[PDB]
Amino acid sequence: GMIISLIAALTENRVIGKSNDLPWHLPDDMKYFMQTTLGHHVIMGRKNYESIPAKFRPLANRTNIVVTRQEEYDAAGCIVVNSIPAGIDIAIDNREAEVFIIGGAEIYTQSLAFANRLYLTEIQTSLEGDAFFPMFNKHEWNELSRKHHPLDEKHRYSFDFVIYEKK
């Protein structure tokens, strides 16, 4: 089966970001996102791709899929779909073993109905937020991995790399 995975970073009260520079700067988190999504399909929102600098855009060694309602929205080197299932239907065609999905609260809420894995970077902090990661029953998921990243002079906050899976 194809593992549909949503990878994100969030506070302890489920706060997430809407565009480029999140309420947190974590270099090892983006590097973790780079090692994890290497060679897989990545579904990103319109604001995620436009936030990437054109020097490193599109992402290297990746099949970049951008979901947007903008008709004839131009993105070269990437595939463009109008809905998240359309990007899922492309990943199954290419015999992908595990697809990844990133975005804001609107994307994680739409893709939570098909998610079988969850790669949460739980930042041990609490921030005032207006956008939140969707609620998921902790009884329906199981924690496969948890790796505590301590705070240092490059990470103002401490965070854990967690992996959940649907029972």
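Start at 1 with the first residue shown and count on from there.
Visitor: Quick check: 124-132 versus 95-103, which has the larger average CA B-factor in the record?
Guide: It is 124-132 that shows the higher mean C-alpha B-factor.
Visitor: Sorting 116, 63, 68, 37 by Cα temperature factor from the record, which one lands on top?
Guide: Result of the comparison over 116, 63, 68, 37: 68.
Visitor: With respect to C-alpha B-factor, does residue 139 fall in the lowest, middle or highest third of the chain as deposited?
Guide: Middle third by C-alpha B-factor.
Visitor: Quick check on the deposited entry: does the C-alpha B-factor of residue 57 sit in the lowest, middle or highest third of its chain?
Guide: According to the entry, residue 57 has a C-alpha B-factor in the chain's middle third.
Visitor: Check where residue 14 lands among this chain's C-alpha B-factors and tell me if it's the lowest, middle or highest third.
Guide: Residue 14: CA B-factor falls in the lowest third of its chain.
Visitor: Considering every modelled residue of the chain and its Cα B-factor in the PDB entry, is residue 77 in the lowest, middle or highest third?
Guide: CA B-factor rank for residue 77: middle third.
Visitor: Quick one: classify residue 49 as lowest, middle or highest third of the chain based on its Cα B-factor.
Guide: Within its chain, residue 49 is a highest-third residue by C-alpha B-factor, going by the deposited values.
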